[PDB]
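The data below hold one chain only, encoded as structure tokens and taken in the form deposited in one PDB entry.
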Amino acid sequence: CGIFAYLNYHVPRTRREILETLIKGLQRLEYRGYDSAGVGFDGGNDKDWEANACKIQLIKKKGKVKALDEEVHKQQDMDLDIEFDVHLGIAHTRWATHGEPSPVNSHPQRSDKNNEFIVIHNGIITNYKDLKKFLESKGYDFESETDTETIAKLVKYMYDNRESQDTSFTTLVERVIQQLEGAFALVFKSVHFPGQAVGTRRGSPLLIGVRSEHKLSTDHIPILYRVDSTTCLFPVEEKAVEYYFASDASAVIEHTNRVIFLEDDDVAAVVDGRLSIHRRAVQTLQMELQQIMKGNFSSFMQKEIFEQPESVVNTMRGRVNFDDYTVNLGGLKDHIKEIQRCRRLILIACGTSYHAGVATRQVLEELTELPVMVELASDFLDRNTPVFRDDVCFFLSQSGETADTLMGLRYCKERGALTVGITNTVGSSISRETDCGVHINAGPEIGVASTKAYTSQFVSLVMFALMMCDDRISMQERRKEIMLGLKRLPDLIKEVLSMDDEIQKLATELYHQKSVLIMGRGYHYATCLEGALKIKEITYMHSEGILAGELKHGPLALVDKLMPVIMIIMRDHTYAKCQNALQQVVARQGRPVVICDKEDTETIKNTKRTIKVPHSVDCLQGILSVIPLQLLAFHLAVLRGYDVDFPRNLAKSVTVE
């Protein structure tokens, strides 16, 4: 889900400039949820903008943001020419995991048929059912089935029973969050408090951007406890200021790089155009707009696949020295010694991040000599897996906010384990709450299906492995072999990408099929699992990864001349076994596409369709063997008329149940 609001204080914006800013803000957040969208602004058509803050307009529609962008326009009642010197507008895109994605369930929610309070919510209220029964007895009627409505009907209940005629908007919000259980990130707007916004969070991201040609009064807003000129963030001499409430930084970087990341239970409030926190640090974002632009590519996913030569380099930058063959991960310098005195490695993650652990488990066992266990976070929690004080627990999360991975982290901390975060998001929950960690530095990933995040996690775990064995004489040559492979890896990725057209041709032979089996073993078990997940996610074909050594134990019965099959046969120590699996598939009349090495002349002669990738070190080959399956999934989706950036039935980053 996504939150975005635009508060222009004494910065004249017409009603069109504001709506185009709310839509443009949701477009930056659409990848977090694109089942429905909505906006909330001030209505009325009075030239004097002051006589219009008493009328709230809600435009909510089902579909992506482009369905709302057109619903907002071509309306017969809203005059898009009213100049507003002061105005507040809130927007939201929703990931409808439950129920229908109807406009009544989309945000902003309302508290009554006159819109006295409207709120946009990211998260879940674990006791909204109790709140719903309490509010219905006092005289409040509910319309939607969402848990967000109990937040709107309640902020109005605290307003209908206040003690003084002018209780601050903060006091009303403070009484609400005290009755809310679970996680949430809220942004309120009310007719009674014109132009005033309130932003509180608890277990969900919520920052506040600021732009102004004037100087700011401070760069460290002091948190308060239940507000003068030496307490609020505001322009000194004049009033020109623009705020940008948002649950992510991509929606704000386009307008300014000065945000204030709030914290749990911090109740920010903009009053008279002054930002004050109740119960901070105005900082510069380290992100360029180009990082969240498609560039010359037709889709984010295509960009992020073809940029893997660069993102791999950025992952190793300032960490790998090829002249002296040294590896240093600054994020682990103060813990690497204690990590080596531990007795077991546990990798915990979901989805593609889990596959990155599968892809590096073998080399981690080799170079650390420690037991390495790889766990799906959801199952890890269901079983109450035993964890001990001398366990090192890794948490792989591109977003750093995945619910199951994050709860596994707090589970392992409670048991005294040493926790390490492998993240792609600075300041994320998982990067903060782990004892140490590594930022893979692959750049923002906008496509729902992770591509560069996987290969960057892969490389990051390999670098950790190289550190763990940098004091073993017997492993020096093995380290050199691996590091030379890493030096040559960016160019070999480029070689794989040059086969883009050859992959597209094979896709034309498969897009009509209902199923495909992807078979691999050893280092390429993860490859066939990740490839199967990608084809599932964006093409909707029934693709499944099958461990090659397991074919003879049942799954081989599903192979015939009609069943599409992709096999991975690389020149490592399992080559002979992979050839036996291939012979078994052929005996069953299978006609598989084989991903193999360029020099594998035997395989290339005896197989019609082969994807010939260049050879790398065995423990790095998984990076090269997965890219063709990334490309294949992309082309299959295009052939089937689907969107590769917005696959049906989900969005990016699972931050709730």
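Rigid core here is just the name for the largest C-alpha set that superposes within 1.5 Å across the two forms. A residue's number is simply how far along the shown sequence it sits, counting from 1.
Not pictured, yet referred to below: the form deposited in another entry.
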Next on the checklist: Does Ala442 move appreciably between this form and the one not shown, meaning a CA displacement of 2 Å or more on the superposed rigid core?
Outcome noted: no
Next on the checklist: Could you check, with the core superposed, whether the Cα atom of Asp618 shifts 2 Å or more between this form and the one not shown?
Outcome noted: no
Checklist entry - So the Cα-Cα distance between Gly331 and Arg258 shifts by 3 Å or more in the other entry; is it shorter or longer than what we see here? => result closer
